[PDB]
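Computed over heavy atoms, backbone and side chain alike; hydrogens, waters and symmetry mates excluded. Just so we're on the same page: letters track the sequence lines, and every chain starts at 1.
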Amino acid sequence: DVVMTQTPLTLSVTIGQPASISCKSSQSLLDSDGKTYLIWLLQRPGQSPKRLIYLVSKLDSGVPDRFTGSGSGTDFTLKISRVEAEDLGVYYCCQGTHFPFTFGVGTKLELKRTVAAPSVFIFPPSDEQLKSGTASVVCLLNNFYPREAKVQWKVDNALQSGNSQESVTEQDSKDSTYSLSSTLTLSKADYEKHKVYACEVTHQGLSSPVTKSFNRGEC
Amino acid sequence: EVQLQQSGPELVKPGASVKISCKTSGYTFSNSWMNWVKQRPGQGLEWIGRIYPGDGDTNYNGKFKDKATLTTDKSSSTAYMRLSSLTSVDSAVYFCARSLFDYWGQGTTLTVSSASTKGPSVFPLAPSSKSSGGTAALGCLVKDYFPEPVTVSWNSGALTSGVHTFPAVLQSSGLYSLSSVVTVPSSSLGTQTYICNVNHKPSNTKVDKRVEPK
Ligand SMILES: [Cl-]
Ligand SMILES: [Cl-]
């Protein structure tokens with residue numbers, strides 16, 4: 001196969017600043033017909049890839065002018081004059097000169113921005129879930145940066161260990177922040193035996209940890 | 001505009017075959033190559049092969065020559081990909097893409113597994129005082145389903161401001177869960193309509209759950 005090697009594999013850029021990604025093909029992409037069938041694609045999380053650049057340097061319709069493509073032979077570059085928040089995603093080079101057509105591994109473009117503390121929200125289990133015989137307590141950390149955060153659960157002032165799971169969104173395409181959900185899983189019986197449910201959040205942007213809590217039955 | 005509309009998600013047993021479709025519109029189907037592409041974690045984007053609908057010419061990736069068969073129906077402007085002797089390594093998202101990958105379908109998620117479908121349980125994340133100043137939060141929990149995928153929207157897609165849908169996460173004991181939340185002005189609580197629309201096509205489970213303060 002023609003191997004497509006991209007550099008860097010992760011690109012961390014502050015909004016408004018230039019960025020570039022290079023691609024090396026293991027065989028020249030110059031075809032017998034004079035054209036060089038090198039394209040660049042962007043894939044946002046949960047979406048299909050979209051072509052941005054083709055024949056090395058031609059821009060697809062609707063692609064901002066800040067994207068340019070260059071190169072020849074085996075070495076190609078995608079350049080972004082100024083990264084905007086909506087440029088985040090995974091960029092792939094791809095060749096269509098030689099069978100089988102092949103893709104690079106992808107370069108993840110992530111955005112740097114200023115520290116932002118999370119807003120914190122806590123949710124008791126729904127009566128419907130309780131009526132169904134289980135219980136999830138959820139703590140939401142919204143619109144924060146950087147991605148790293150600590151979430152500690154306490155039930156009746158007892159520190160919880162090993163009974164929660166966190167999930168983090170992809171970086172936001174408008175403000176470059178993240179959001180994080182922490183689910184504390186207890187049996188319905190355990191949930192009904194305790195009163196105070198609290199999640200304590202520590203983040204670089206918080207001077208002091210933030211705690212949100214509720215008391216079961218104190219609606 | 002050019003449109004490539006693929007068939008829905010598939011759950012199939014090991015050893016079976018499956019046929020995925022790509023129905024096109026907005027250009028002359030007979031005069032463009034149609035490619036098929038696999039996307040799987042660890043394998044990346046892999047080109048399976050292509051077919052030229054005007055004359056049935058095909059080129060395959062040798063890696064997939066014994067796995068995939070491409071055909072077309074000019075009457076319905078539809079391209080097909082049949083995958084045979086399926087194994088877990090075939091679980092992936094498959095895309096159709098035109099010409100030099102200039103337009104792509106939305107993808108088809110294929111899961112190869114002996115498991116049966118299980119629809120999600122959908123629970124409200126109910127707002128209250130305990131979900132900050134002038135901002136409140138609400139959401140929906142989409143729990144314990146199989147296989148991928150599930151789609152989630154709010155108010156049939158009319159609500160996008162403040163929406164965060166978390167990734168599906170495969171849990172240790174084999175099922176998936178995700179959640180979707182919305183942050184809104186606290187004034188909107190109990191006054192504005194918030195409906196989370198959950199669709200799990202493999203189980204034919206469609207839920208439109210109204211989320212209200214508890
Ligand atoms: Cl800072
Ligand atoms: Cl449907």
task: Might you confirm whether atom NZ of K188(A) has over 12 heavy atoms from other residues, nucleotides or ligands at distances under 6.0 Å?
output: yes
task: Can you tell which part of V37(B) gets under 4.5 Å to a heavy atom of chain A, answering side chain, backbone, both or neither?
output: side chain
message: Taking side chain as everything from C-beta outward and backbone as N, CA, C, O, which of these in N59(B) sits under 4.5 Å from a heavy atom of chain A? Side chain, backbone, both or neither.
response: side chain
- prompt: Between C219(A), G106(A), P49(A), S132(A), which residue shows the highest count of heavy-atom pairs closer than 4.5 Å to chain B?
  reply: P49(A)
field: Over 12 non-hydrogen atoms of neighbours within 6.0 angstrom of NZ in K35(A)
entry: no
field: Nearest-0.5 Å distance that lies between atom CG in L45(B) and atom CE in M4(A)
entry: 12.0 Å
message: side-chain hydrogen bond (donor to acceptor under 3.5 Å, both in side chains), that's the test. Do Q165(A) and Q171(B) meet it? Break it down for me.
response: CA-CA 10 Å; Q165(A) 185 164 350; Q171(B) 287 147 324; 5.2 Å; no
- request: Determine, step by step, whether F101(B) and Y92(A) satisfy the ring-ring contact (aromatic ring centres under 6.0 Å, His included) criterion, reporting the C-alpha distance in whole Å, the side-chain angles of both residues, the deciding distance to 0.1 Å, and the verdict.
  value: CA-CA 12 Å; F101(B) 310 93; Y92(A) 299 89; over 10 Å; no
task: Name the option with the most non-hydrogen atom pairs under 4.5 Å to chain A; the candidates are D102(B), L141(B), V122(B).
output: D102(B)
query: In Å and rounded to the nearest 0.5 Å, what is the OG to CZ distance from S181(A) to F166(B)?
result: 4.5 Å
- line: For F101(A) and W47(B) the tightest heavy-atom approach is O-CB, 3.3 Å
statement: Honestly, the part of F99(A) sitting under 4.5 Å from a heavy atom of chain B is side chain
query: Given a strict heavy-atom distance threshold of 4.5 Å, which part of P45(A) is in contact with chain B: side chain, backbone, both, or neither?
result: neither
Portion of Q43(B) that has a non-hydrogen atom of chain A nearer than 4.5 angstrom: neither
- prompt: For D172(A), is it the side chain, the backbone, both or neither that has a heavy atom under 4.5 Å from a heavy atom of chain B?
  reply: side chain
message: Less than 4.5 Å to any heavy atom of chain B: does that hold for the side chain of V138(A), its backbone, both, or neither?
response: side chain
- request: Please determine, among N35(B), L178(B), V169(B), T183(B), the option with the most heavy-atom pairs under 4.5 Å with chain A.
  value: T183(B)
field: Which atoms of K143(B) approach chain A - backbone, side chain, both or neither, heavy atom under 4.5 Å
entry: side chain
- prompt: Can you tell me how far CZ of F123(B) sits from OG of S136(A), rounded to the nearest 0.5 angstrom?
  reply: 7.5 Å
message: Among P125(A), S167(A), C139(A), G96(A), which residue has the highest count of heavy-atom pairs closer than 4.5 Å to chain B?
response: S167(A)
Sub-4.5 Å side-chain heavy-atom contact between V181(B) and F121(A): no
task: Counting only heavy atoms closer than 4.5 Å, note whether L138(B) contacts chain A via side chain, backbone, both or neither.
output: backbone
- prompt: Closest heavy-atom contact between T169(A) and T165(B)?
  reply: CG2-O, 4.4 Å
- line: Turns out that what part of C94(A) lies under 4.5 Å from chain B's heavy atoms comes down to side chain
message: Please classify the contact between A136(B) and chain A as side chain, backbone, both or neither, with a heavy-atom cut-off of under 4.5 Å.
response: backbone
message: More than 12 heavy atoms of other residues, nucleotides or ligands under 6.0 Å from NZ of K58(A): yes or no?
response: no
- prompt: With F123(A), which of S128(B), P124(B), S131(B) fulfils side-chain contact (heavy atoms from CB on, under 4.5 Å)?
  reply: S131(B)
field: Short side-chain to backbone donor-acceptor contact, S132(B) and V120(A), under 3.5 Å
entry: no
message: Less than 4.5 Å to any heavy atom of chain A: does that hold for the side chain of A137(B), its backbone, both, or neither?
response: both
- prompt: For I122(A), is it the side chain, the backbone, both or neither that has a heavy atom under 4.5 Å from a heavy atom of chain B?
  reply: both
query: Side chain, backbone, both or neither: which part of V168(A) has a heavy atom under 4.5 Å from chain B?
result: backbone
statement: Ranking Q106(B), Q39(B), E46(B) by heavy-atom pairs under 4.5 Å to chain A gives rank one to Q39(B)
- prompt: Is chain A contacted by the side chain of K130(B), its backbone, both, or neither, given a heavy-atom distance below 4.5 Å?
  reply: both
Over 12 non-hydrogen atoms of neighbours within 6.0 angstrom of NZ in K206(B): no
message: Under 4.5 Å from any heavy atom of chain B, what part of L180(A) do you find: side chain, backbone, both or neither?
response: backbone
message: Counting heavy-atom pairs under 4.5 Å with chain B, which one of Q129(A), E128(A), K50(A) comes out on top?
response: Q129(A)
- line: With chain A, the option among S179(B), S177(B), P167(B) that has the most non-hydrogen atom pairs under 4.5 Å is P167(B)
- request: Examine whether an atom of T135(B) lies under 4.5 Å from a heavy atom of chain A, and if so say whether it belongs to the side chain, the backbone or both; otherwise answer neither.
  value: both
